[PDB]
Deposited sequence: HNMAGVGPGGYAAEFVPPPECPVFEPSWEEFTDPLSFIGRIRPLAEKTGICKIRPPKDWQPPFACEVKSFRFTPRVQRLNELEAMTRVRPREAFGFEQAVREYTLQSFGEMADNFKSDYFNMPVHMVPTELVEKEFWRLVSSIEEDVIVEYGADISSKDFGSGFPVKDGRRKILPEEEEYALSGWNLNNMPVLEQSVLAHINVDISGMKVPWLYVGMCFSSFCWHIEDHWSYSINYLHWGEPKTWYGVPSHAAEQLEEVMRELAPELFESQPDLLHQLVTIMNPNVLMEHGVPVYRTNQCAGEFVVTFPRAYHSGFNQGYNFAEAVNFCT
């Protein structure tokens, strides 16, 4: 049985007038987008920010992902835990590895592999015990390490005159409001975007953000990032289904720890009555996750994303 793609989440193509500030736009589209958990926003055609990361020094140690680790629990192999150690890549060397992996895996040029094929094969590999596929995920790279993907007027990197509008734009993830209101905030006497370098099959589990926060994600360049989302009204329904289908050894684990391994086929959630929506986030497009909207996904290939939590 092949994977059945969930219905598509809403995609918005705002005009220049509607693109004037994100918080007003997200607040207007919320009656529809909050019913799907996630939504995609395509900026106007002429809105093309530069890539402002320090590429000459960009290096990272991506985490190793055993895609079928949950299904493998039904088997202890000899010397388990020593499968593959983490290594350091550059932005170039990671891309060379990523493109070579995908082209070798599908026996096709990387740009010719349909998004539906990677999606179908990803969910087959997750539940396969006959094949052990291992990928790497350059996740949790702080924008403070090598700079944000967006230009920032902090004096650390040169900004051309035609790039200044992107350093001051409200859609620049460094210009999103992040300070939550509370009484403690008036008693005590800092959040920044995070970067994610992906390859084919690199994935993130079903989870919600801390404090049920909104999140916005921008794909600077590369192959698409495939998303799955669940609206907040079905959050407790997903949690009960996920706990019933997770291994019994993890069923009583707290949410913050359970979310570290929650890779689950969306078709199984949909069969249990959970509404799920999907999207392919392409280069230059935004994805907004709404409060308490569970979401997961994987990368179609070598790409570079930036994400931050924002408050309303």
| query | finding |
| --- | --- |
| Deposited residues absent from the coordinates (by C-alpha) | 1-12, 88-89, 204-207 |
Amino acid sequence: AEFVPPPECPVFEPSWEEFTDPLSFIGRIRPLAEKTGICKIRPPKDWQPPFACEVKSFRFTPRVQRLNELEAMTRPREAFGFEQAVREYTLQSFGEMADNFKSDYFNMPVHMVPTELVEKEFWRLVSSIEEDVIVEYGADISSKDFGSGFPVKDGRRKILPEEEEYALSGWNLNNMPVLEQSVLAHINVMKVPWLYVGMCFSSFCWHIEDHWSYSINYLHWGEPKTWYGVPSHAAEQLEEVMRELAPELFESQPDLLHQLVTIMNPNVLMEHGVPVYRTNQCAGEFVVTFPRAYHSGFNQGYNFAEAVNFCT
From here on, numbers count along this sequence of modelled residues.
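Rigid core here is just the name for the largest C-alpha set that superposes within 1.5 Å across the two forms.
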{"query": "Higher-deviation segment by CA RMS in 9 other deposited structures of this protein, core fitted, 241-249 or 38-46", "finding": "241-249"}
{"query": "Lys120 coordinate gap across at least a third of other entries", "finding": "no"}
{"query": "Entries skipping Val189: at least a third of other ones", "finding": "yes"}
{"query": "Average Cα temperature factor in the PDB entry - higher stretch of 141-149, 77-85", "finding": "77-85"}
{"query": "120-128 versus 221-229 - which carries the larger mean C-alpha B factor in the record", "finding": "120-128"}
{"query": "C-alpha B-factor winner, where the candidates are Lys40, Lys45, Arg63, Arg30", "finding": "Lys45"}
{"query": "Out of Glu209, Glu71, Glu96, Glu239, residue topping the C-alpha B-factor column of the entry", "finding": "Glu71"}
{"query": "CA B-factor placement of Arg278, once the chain's modelled residues are sorted into thirds", "finding": "lowest"}
{"query": "Position of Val183 among the chain's modelled residues by C-alpha B-factor, lowest, middle or highest third", "finding": "highest"}
{"query": "Lowest, middle or highest third - CA B-factor, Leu160", "finding": "highest"}
{"query": "Third of the chain's Cα B-factor distribution that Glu136 belongs to, per the entry", "finding": "lowest"}
{"query": "Chain-relative CA temperature factor third for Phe250", "finding": "highest"}
